[PDB]
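Novice: Just protein_4.cif, nothing more (mmCIF, N, CA and C atoms and all ligand atoms):
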```
data_entry
#
loop_
_atom_site.label_atom_id
_atom_site.label_comp_id
_atom_site.auth_asym_id
_atom_site.auth_seq_id
_atom_site.Cartn_x
_atom_site.Cartn_y
_atom_site.Cartn_z
N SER A 174 0.86 -1.22 0.00
CA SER A 174 0.00 0.00 0.00
C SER A 174 0.88 1.25 0.00
N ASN A 175 0.27 2.40 -0.27
CA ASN A 175 0.95 3.67 -0.60
C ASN A 175 0.54 4.72 0.42
N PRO A 176 1.49 5.24 1.24
CA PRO A 176 1.18 6.28 2.23
C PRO A 176 1.18 7.72 1.69
N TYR A 177 1.49 7.88 0.40
CA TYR A 177 1.60 9.19 -0.28
C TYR A 177 0.34 9.43 -1.10
N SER A 178 0.19 10.65 -1.62
CA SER A 178 -0.86 10.96 -2.61
C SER A 178 -0.45 10.35 -3.95
N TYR A 179 -1.00 9.19 -4.29
CA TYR A 179 -0.79 8.56 -5.61
C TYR A 179 -1.28 9.53 -6.71
N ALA A 180 -2.42 10.18 -6.48
CA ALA A 180 -3.03 11.12 -7.44
C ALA A 180 -2.01 12.20 -7.85
N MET A 181 -1.21 12.68 -6.90
CA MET A 181 -0.29 13.82 -7.13
C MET A 181 1.17 13.35 -7.17
N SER A 182 1.39 12.07 -7.50
CA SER A 182 2.73 11.43 -7.48
C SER A 182 3.59 11.91 -8.67
N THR A 183 2.99 12.32 -9.79
CA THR A 183 3.74 12.79 -10.98
C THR A 183 3.87 14.32 -10.96
N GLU A 184 5.02 14.83 -11.42
CA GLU A 184 5.25 16.27 -11.68
C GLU A 184 4.12 16.81 -12.56
N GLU A 185 3.72 16.04 -13.57
CA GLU A 185 2.70 16.46 -14.56
C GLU A 185 1.36 16.69 -13.84
N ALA A 186 0.93 15.75 -13.00
CA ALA A 186 -0.36 15.88 -12.27
C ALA A 186 -0.30 17.12 -11.37
N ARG A 187 0.81 17.34 -10.67
CA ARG A 187 0.95 18.50 -9.76
C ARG A 187 0.86 19.79 -10.58
N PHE A 188 1.56 19.85 -11.71
CA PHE A 188 1.57 21.04 -12.61
C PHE A 188 0.14 21.38 -13.04
N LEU A 189 -0.65 20.36 -13.36
CA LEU A 189 -2.01 20.55 -13.93
C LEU A 189 -2.99 21.08 -12.87
N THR A 190 -2.62 21.16 -11.59
CA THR A 190 -3.53 21.69 -10.54
C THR A 190 -3.47 23.22 -10.45
N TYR A 191 -2.51 23.86 -11.10
CA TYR A 191 -2.33 25.34 -11.02
C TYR A 191 -3.19 26.01 -12.09
N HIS A 192 -4.06 26.91 -11.65
CA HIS A 192 -4.88 27.78 -12.53
C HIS A 192 -4.88 29.20 -11.99
N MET A 193 -4.57 30.16 -12.86
CA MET A 193 -4.50 31.59 -12.50
C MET A 193 -3.63 31.76 -11.25
N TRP A 194 -2.49 31.07 -11.23
CA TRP A 194 -1.53 31.16 -10.11
C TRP A 194 -1.08 32.61 -9.97
N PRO A 195 -1.17 33.21 -8.76
CA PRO A 195 -1.03 34.67 -8.62
C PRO A 195 0.39 35.25 -8.59
N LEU A 196 1.43 34.42 -8.45
CA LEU A 196 2.82 34.92 -8.30
C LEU A 196 3.54 34.87 -9.65
N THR A 197 4.18 35.98 -10.03
CA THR A 197 4.98 36.12 -11.28
C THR A 197 6.40 35.59 -11.05
N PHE A 198 6.85 35.51 -9.79
CA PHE A 198 8.27 35.27 -9.41
C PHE A 198 8.51 33.80 -9.05
N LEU A 199 7.46 32.98 -8.98
CA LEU A 199 7.58 31.54 -8.63
C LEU A 199 6.59 30.77 -9.50
N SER A 200 7.08 29.84 -10.33
CA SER A 200 6.27 29.18 -11.39
C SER A 200 5.64 27.89 -10.87
N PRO A 201 4.43 27.54 -11.38
CA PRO A 201 3.85 26.21 -11.18
C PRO A 201 4.83 25.08 -11.53
N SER A 202 5.64 25.24 -12.58
CA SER A 202 6.66 24.24 -12.99
C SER A 202 7.66 24.02 -11.85
N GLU A 203 8.21 25.10 -11.30
CA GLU A 203 9.21 25.00 -10.19
C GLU A 203 8.55 24.29 -9.01
N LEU A 204 7.33 24.69 -8.65
CA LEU A 204 6.62 24.10 -7.49
C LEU A 204 6.35 22.61 -7.74
N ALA A 205 5.85 22.24 -8.91
CA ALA A 205 5.54 20.83 -9.24
C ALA A 205 6.82 19.99 -9.16
N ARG A 206 7.93 20.53 -9.67
CA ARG A 206 9.24 19.82 -9.65
C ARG A 206 9.69 19.61 -8.20
N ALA A 207 9.29 20.50 -7.28
CA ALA A 207 9.65 20.41 -5.84
C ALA A 207 8.59 19.62 -5.06
N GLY A 208 7.67 18.92 -5.73
CA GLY A 208 6.73 17.99 -5.09
C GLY A 208 5.39 18.62 -4.70
N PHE A 209 5.17 19.89 -5.06
CA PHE A 209 4.02 20.70 -4.56
C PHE A 209 2.91 20.79 -5.62
N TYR A 210 1.69 20.51 -5.18
CA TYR A 210 0.46 20.76 -5.99
C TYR A 210 -0.34 21.87 -5.31
N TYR A 211 -1.23 22.50 -6.07
CA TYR A 211 -2.03 23.64 -5.59
C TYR A 211 -3.16 23.16 -4.68
N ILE A 212 -3.28 23.74 -3.49
CA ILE A 212 -4.47 23.55 -2.61
C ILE A 212 -5.20 24.87 -2.39
N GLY A 213 -4.50 26.00 -2.34
CA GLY A 213 -5.13 27.31 -2.06
C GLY A 213 -5.71 27.37 -0.65
N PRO A 214 -6.48 28.44 -0.33
CA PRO A 214 -6.63 29.59 -1.21
C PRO A 214 -5.32 30.38 -1.32
N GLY A 215 -5.33 31.46 -2.10
CA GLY A 215 -4.14 32.30 -2.34
C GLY A 215 -3.02 31.50 -2.97
N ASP A 216 -1.83 31.53 -2.38
CA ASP A 216 -0.62 30.88 -2.97
C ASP A 216 -0.26 29.62 -2.18
N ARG A 217 -1.22 28.95 -1.56
CA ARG A 217 -0.91 27.78 -0.69
C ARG A 217 -0.79 26.50 -1.52
N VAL A 218 0.27 25.73 -1.26
CA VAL A 218 0.57 24.46 -1.98
C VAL A 218 0.82 23.37 -0.93
N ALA A 219 0.78 22.12 -1.36
CA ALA A 219 0.98 20.95 -0.49
C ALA A 219 1.90 19.94 -1.18
N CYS A 220 2.73 19.27 -0.39
CA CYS A 220 3.59 18.16 -0.88
C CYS A 220 2.79 16.86 -0.93
N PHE A 221 2.88 16.14 -2.06
CA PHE A 221 2.19 14.84 -2.28
C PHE A 221 2.71 13.76 -1.33
N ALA A 222 3.92 13.94 -0.79
CA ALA A 222 4.61 12.88 -0.01
C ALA A 222 4.51 13.15 1.49
N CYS A 223 4.98 14.31 1.97
CA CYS A 223 5.02 14.63 3.42
C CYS A 223 3.74 15.35 3.86
N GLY A 224 2.96 15.89 2.93
CA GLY A 224 1.74 16.64 3.28
C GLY A 224 2.04 18.02 3.84
N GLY A 225 3.30 18.45 3.85
CA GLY A 225 3.68 19.82 4.23
C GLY A 225 2.99 20.83 3.34
N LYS A 226 2.50 21.91 3.93
CA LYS A 226 1.81 22.99 3.20
C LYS A 226 2.61 24.28 3.35
N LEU A 227 2.75 25.04 2.26
CA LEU A 227 3.47 26.34 2.28
C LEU A 227 2.65 27.40 1.57
N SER A 228 2.56 28.57 2.18
CA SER A 228 1.92 29.77 1.58
C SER A 228 2.82 30.99 1.79
N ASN A 229 2.36 32.16 1.35
CA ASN A 229 3.03 33.46 1.61
C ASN A 229 4.47 33.36 1.09
N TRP A 230 4.63 32.89 -0.14
CA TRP A 230 5.94 32.77 -0.82
C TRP A 230 6.54 34.16 -1.02
N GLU A 231 7.85 34.29 -0.81
CA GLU A 231 8.61 35.55 -1.01
C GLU A 231 9.42 35.45 -2.30
N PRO A 232 9.69 36.58 -2.99
CA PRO A 232 10.52 36.57 -4.20
C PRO A 232 11.84 35.80 -4.07
N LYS A 233 12.48 35.85 -2.90
CA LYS A 233 13.79 35.20 -2.60
C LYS A 233 13.65 33.67 -2.56
N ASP A 234 12.44 33.14 -2.41
CA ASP A 234 12.22 31.71 -2.03
C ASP A 234 12.52 30.79 -3.22
N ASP A 235 13.23 29.70 -2.94
CA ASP A 235 13.43 28.54 -3.84
C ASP A 235 12.56 27.40 -3.31
N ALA A 236 11.74 26.78 -4.15
CA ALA A 236 10.75 25.78 -3.71
C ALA A 236 11.45 24.58 -3.06
N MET A 237 12.52 24.06 -3.66
CA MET A 237 13.26 22.89 -3.10
C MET A 237 13.92 23.28 -1.77
N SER A 238 14.49 24.48 -1.69
CA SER A 238 15.14 25.01 -0.46
C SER A 238 14.10 25.08 0.66
N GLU A 239 12.94 25.69 0.38
CA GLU A 239 11.87 25.87 1.39
C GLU A 239 11.32 24.50 1.81
N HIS A 240 11.17 23.57 0.88
CA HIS A 240 10.72 22.18 1.17
C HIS A 240 11.66 21.57 2.21
N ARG A 241 12.97 21.69 1.98
CA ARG A 241 14.00 21.10 2.87
C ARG A 241 14.04 21.84 4.21
N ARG A 242 13.92 23.17 4.19
CA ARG A 242 13.97 24.03 5.40
C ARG A 242 12.83 23.65 6.35
N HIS A 243 11.62 23.52 5.83
CA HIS A 243 10.41 23.35 6.67
C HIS A 243 10.10 21.87 6.93
N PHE A 244 10.39 20.99 5.97
CA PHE A 244 9.99 19.55 6.03
C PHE A 244 11.21 18.68 5.74
N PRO A 245 12.27 18.79 6.57
CA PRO A 245 13.54 18.13 6.27
C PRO A 245 13.49 16.59 6.16
N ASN A 246 12.52 15.95 6.82
CA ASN A 246 12.38 14.47 6.84
C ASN A 246 11.48 13.97 5.70
N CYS A 247 11.11 14.84 4.76
CA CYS A 247 10.22 14.44 3.64
C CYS A 247 10.87 13.34 2.81
N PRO A 248 10.18 12.19 2.59
CA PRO A 248 10.75 11.09 1.81
C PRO A 248 10.99 11.41 0.32
N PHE A 249 10.20 12.32 -0.25
CA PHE A 249 10.41 12.81 -1.64
C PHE A 249 11.80 13.44 -1.77
N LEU A 250 12.22 14.27 -0.81
CA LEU A 250 13.53 14.97 -0.86
C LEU A 250 14.67 13.94 -0.80
N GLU A 251 14.45 12.81 -0.13
CA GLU A 251 15.49 11.78 0.11
C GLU A 251 15.54 10.80 -1.08
N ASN A 252 14.43 10.57 -1.78
CA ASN A 252 14.38 9.63 -2.93
C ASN A 252 13.26 10.05 -3.90
ZN ZN A 301 7.45 16.86 1.19
#
```
If you took the structure in this file and wrote it as structure tokens, what would it be?
Specialist:
Amino acid sequence: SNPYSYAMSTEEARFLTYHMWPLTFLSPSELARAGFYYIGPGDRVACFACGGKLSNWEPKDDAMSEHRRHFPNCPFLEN
């Protein structure tokens, strides 16, 4: 059995959840590559593997860096 979101297991599936994404400085592509799909409202995203949620993204933020900073034990980051 699978403890992760099978639905959001592919980069492609995560990418396809973004519609009218409000930030010009952080792309749906970058977020999907870092394991994040759109949950909202606003700029809130969730990891398919650890279930970590992040919002209030800053221009300086790197999605993979923030994933590791906030959710260091995430199994997606390790494999
Ligand atoms: Zn994660």
Novice: Dump the neighbourhood of ligand ZN 301 (chain A) as a list in words: all residues within 7 Å, distances computed on only N, CA and C atoms and all ligand atoms.
Specialist: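 If we count only N, CA and C atoms and all ligand atoms, the neighbours of ligand ZN 301 (chain A) turn out to be residues 207, 208, 219, 220, 221, 222, 223, 224, 225, 240, 244, 246, 247, 248, 249 and 250 of chain A.
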Novice: I want to know what sits within 7 Å of region 199-204 of chain A, based on only N, CA and C atoms, with residues of the same chain fewer than 2 positions away left out; could you give that as a list in words?
Specialist: residues 187, 188, 191, 196, 197, 206, 207, 208, 209, 210, 232, 236 and 237 of chain A
Novice: To one decimal place in Å, what is the distance between atom C of residue 231 (chain A) and atom C of residue 198 (chain A)?
Specialist: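 Atom-to-atom, atom C of residue 231 (chain A) and atom C of residue 198 (chain A) are spaced 7.0 Å apart.
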Novice: What gap, in Å, lies between atom N of residue 189 (chain A) and atom C of residue 211 (chain A)?
Specialist: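 About the pair atom N of residue 189 (chain A) and atom C of residue 211 (chain A): they are 9.5 Å apart.
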Novice: A:242, A:177, A:251, A:213: which is nearest residue 228 (chain A), counting only C-alpha atoms?
Specialist: A:213
Novice: Report as number ranges by chain: the residues of chain A with a DSSP assignment of strand (DSSP E or B), based on the backbone of this structure.
Specialist: A: 209-211, 218-220, 226-227
